[PDB]
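Engineer: Pasting the sequence and an experimental structure:
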Amino acid sequence: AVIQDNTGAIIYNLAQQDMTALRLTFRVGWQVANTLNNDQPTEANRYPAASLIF
Amino acid sequence: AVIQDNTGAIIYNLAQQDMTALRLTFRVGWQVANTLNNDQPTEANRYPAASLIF
Amino acid sequence: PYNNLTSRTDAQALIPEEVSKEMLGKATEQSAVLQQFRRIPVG
Amino acid sequence: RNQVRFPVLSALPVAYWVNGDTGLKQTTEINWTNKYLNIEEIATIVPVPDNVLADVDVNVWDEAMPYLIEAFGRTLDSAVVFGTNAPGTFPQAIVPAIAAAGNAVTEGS
Amino acid sequence: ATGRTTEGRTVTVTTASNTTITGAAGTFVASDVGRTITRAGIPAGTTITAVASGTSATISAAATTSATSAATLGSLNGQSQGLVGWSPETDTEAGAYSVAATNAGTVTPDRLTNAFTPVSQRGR
Amino acid sequence: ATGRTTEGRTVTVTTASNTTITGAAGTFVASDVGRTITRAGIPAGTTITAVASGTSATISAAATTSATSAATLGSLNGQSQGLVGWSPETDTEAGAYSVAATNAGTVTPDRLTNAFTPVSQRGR
C-alpha cells in the first residue's frame, strides 16, 4: 500500500519502508420525526426537547 | 355535480372531469338549564360555572 | 485508456429505492362538549 | 441503501358553519410529504514501523482497540448533539435546533 | 419545495408614506390578504388588504414613514385558506386544475411531457 | 441526460480557410479527438486532431473555404474509451473521481448536497 498527503505527494510507501497499518470503517445516519400536531402547528416553534443553559 | 364559486362560476365539473367527492353534515345546539334556586333568586347573578382569568 | 470507472451514478438503477412507514400516522383528541354535557335527542 | 424515505402527513381538513339552512358549502383538501435519512461513514488508518512491533513491550493492536472504538463513538455523539463538524447531509444538530425553537431556560431563580 | 402555508414569515419591505408597500420579487403571495403586518413606522393592528403582485401590496392604514426595513407577517387560523399546515403546491400551481384553466389549455405539475424522464417526488 | 457515446453525430460548423474549426456551445467535447469529419470545403479523410473548447477544434488538414455548414462526425471502435455503448456520465463529470480532483474538492455529479432532496435515476 501507499499513503498520500492531500496534494498527492507519497508520504509513506508502506511496503518499501517496512511499515504496517490498520484501517477502520463504519456507516450510520439519524433522523428526528417532529411531525405536525394540533398543539403547535407552527413547525419553526415545535421541538420535542428542551434545555437548561447559562 | 358541479362545484361553484360564490359568483356562480363553475370551478369543477365533477362528472365530465372524472372526479369524485365526499359531503359531510351534522346538526346540533346547546342550552344552559340554569334554574331558580333559593340561594340566588336574582337570575342575572346565577351561573352554574366559574372561571380563572388573567 | 486509463481512468475507467463504474461510478455510483453509472451503476444507478441496478439498485432499488428504499421506503419505510415508521413515522406515518397520528392520534386524535376527543371533543369536549359531546363528552361532558348531558345528551338529548331531538326531532 | 445510501438513503431511506419516510412518508408523513402535512395538512388537516377544517369545517364550517352553514349560512342559514340554504347557503353555499365550502371545500377542503388533505396533503402529505416525506422526510429522508441519509447514510454517512466514519474512518481512520493507523501506521506503525513494523520493527517496533517486534521490539515493543506488548501487543500494541490488542492494547489500542478499546481507544479506537471509544473514538468512533465520541466522534459520532459530538456531531449530532453539539453539531461539531457535521456533514451537510444530516439534519440540524440538537442544541442549535432547541435554541431555534425557543426551548431553552436560563437557571435564574 | 416552497409550497403554500398558514405560517408567519419575515420580509424586507419598502414603504411609501401612504397605503402601499413594496419588496423584492415574489416576497408577497396571493393568500397574504388578511395577515397582520408589524413593522417600524406602521401603525399597530394593520393588515394586508390586497396583493397586486409578488412585488407590492396594500395595507389597511397609511404608513407614517418612507424607508426600507425588515418586517413580520402573522400566521392565520386556516379559515381563509382551506387548509391548516403546509402543502407542496405553490399558491399559483393550486390554480391549474379548474375547468377554466383546462379549457384554456395550461399545464399542471406533472402531466409529464418528455418520454424518457422518470417520475420524482417533492420535499419541504 | 446526454452522457457519452461512441456512435457518430451531426453538427453545424464554421471553417476558417486553415486547420481551425468553430461552432455553437456544446458542438465539441474532449472525447471527439480521432473521429473523422466529412463536410463540404473539407478534403477527404480529415480527422479531429485536437479540441480546445465546447466551441472550437483543430483538424488534420486545411479547409479549402470559409463558410458555415452542417457536417458529420464519425463513430469510433471503443479503443480510445473503455465504453462501447452509451453512459449517463458526460466527459467532464466522468473526470471528477481522481485523487487530484478529490483534493481540489470538486463535487461528484451524485453527491447529495442538501439534507432533504431525493436520490433519482437518470434517463437517455
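Structural biologist: Structure's in. What do you need? Residues are numbered from 1 along each chain as shown, chains lettered A, B, ... in the order given.

Engineer: and chain C, which residues reach chain B?
Structural biologist: Within chain C, the residues that sit near chain B (C-beta under 8 Å from any C-beta of the partner chain) are C:33, C:37. C-betas here are computed from N, CA, C, even on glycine.

Engineer: Looking at chain C, which residue is nearest chain A?
Structural biologist: Of the residues in chain C, the one nearest chain A is residue C:23, at a distance of 4.5 Å by C-beta to the nearest C-beta.

Engineer: Show the backbone phi and psi for residue D:79.
Structural biologist: Residue D:79 has phi and psi values of phi -80, psi -30 when expressed as degrees, to the nearest 10.

Engineer: Up against chain F, what does chain D have?
Structural biologist: When proximity is defined by C-beta under 8 Å from any C-beta, chain D lies next to chain F at D:2-3, D:5, D:35-36, D:38, D:88-91.

Engineer: Filter those residues down to just the ones in strands.
Structural biologist: Applying DSSP state E to the residues of chain D next to chain F, the entries found in strands are D:3, D:5, D:35-36, D:38.

Engineer: any idea which of the residues you listed is closest to chain C?
Structural biologist: Using C-beta to the nearest C-beta, residue D:5 is the member of those that sits closest to chain C, with 4.5 Å.

Engineer: hmm, who's touching the helix or strand harbouring residue A:22?
Structural biologist: Counting by DSSP states H and E, the element that carries residue A:22 is strand A:19-28. Outside of strand A:19-28, the residues that reach it under the criterion C-beta atoms under 8 Å, 6 or more residues apart in numbering or on different chains are A:1, A:3, A:12, A:14, D:39-50, D:53, D:61, D:68, D:72, D:76.

Engineer: Let's see which of these end up in helices.
Structural biologist: The members of the contacts of strand A:19-28 that map onto helices under DSSP state H are D:50, D:53, D:61, D:68, D:72, D:76.

Engineer: which residue ranges form the strands in chain E?
Structural biologist: Shown for chain E, the strands assigned by DSSP E span residues E:4-5, E:9-15, E:20-23, E:37-38, E:48-53, E:56-59, E:68-73, E:86-87.

Engineer: what subset of the ones in helices among the contacts of strand A:19-28 is also close to chain A?
Structural biologist: Among the ones in helices among the contacts of strand A:19-28, the residues within reach of chain A (C-beta under 8 Å from any C-beta) are D:50, D:53, D:61, D:68, D:72, D:76.

Engineer: contacting residues around the fifth one?
Structural biologist: Each residue near residue D:72 by C-beta under 8 Å, 6+ apart is listed here: A:24, A:26, D:42.

Engineer: What residues are bridge-paired with the first one?
Structural biologist: This points to residue A:24. residue D:44 (DSSP bridges).

Engineer: any idea how far residue D:14 is from the closest residue to residue C:8 other than its chain neighbours?
Structural biologist: The shortest distance from residue C:8 to any non-neighbouring residue, by C-beta to C-beta, 6 or more residues apart in numbering or on different chains, is to residue F:110 (5.4 Å). Taken as C-beta to C-beta, to the nearest Å, the spacing of residue F:110 relative to residue D:14 amounts to 42 Å.

Engineer: what's the closest of the ones in helices among the contacts of strand A:19-28 to chain E?
Structural biologist: Proximity to chain E was ranked across these by C-beta to the nearest C-beta; first place goes to residue D:76, at 25.0 Å.

Engineer: doesn't residue D:41 make contact with that closest one?
Structural biologist: No - with contact defined as C-beta atoms under 8 Å, residue D:76 and residue D:41 do not form a contacting pair (11.0 Å).

Engineer: more crowded one of those two?
Structural biologist: Neighbour count, other C-beta atoms under 10 Å in any protein chain shown: between residue D:76 and residue D:41, residue D:76 has more, with 15 against 9.

Engineer: who's in contact with that one?
Structural biologist: Neighbour list for residue D:76: A:28, D:42 [criterion: C-beta under 8 Å, 6+ apart].

Engineer: mind redoing it with 10 Å?
Structural biologist: Shown here is residue D:76, whose contacts under the criterion C-beta atoms under 10 Å, 6 or more residues apart in numbering or on different chains are A:26, A:28, A:30, D:40, D:42.

Engineer: what does residue E:76 give?
Structural biologist: Neighbour list for residue E:76: E:5-8, E:31-36, E:84 [criterion: C-beta under 10 Å, 6+ apart].

Engineer: Compare these and tell me which is most surrounded.
Structural biologist: Sorting the contacts of residue E:76 by how many neighbours each has (other C-beta under 10 Å) puts residue E:5 first, at 24 neighbours.

Engineer: Identify the residue spatially nearest to that residue, adjacent ones excluded.
Structural biologist: residue E:86 (4.4 Å).

Engineer: my guess is the one you found contacts residue D:31, does it?
Structural biologist: Yes - Residue E:86 lies in contact with residue D:31 (C-beta atoms under 10 Å); the separation is 8.2 Å.
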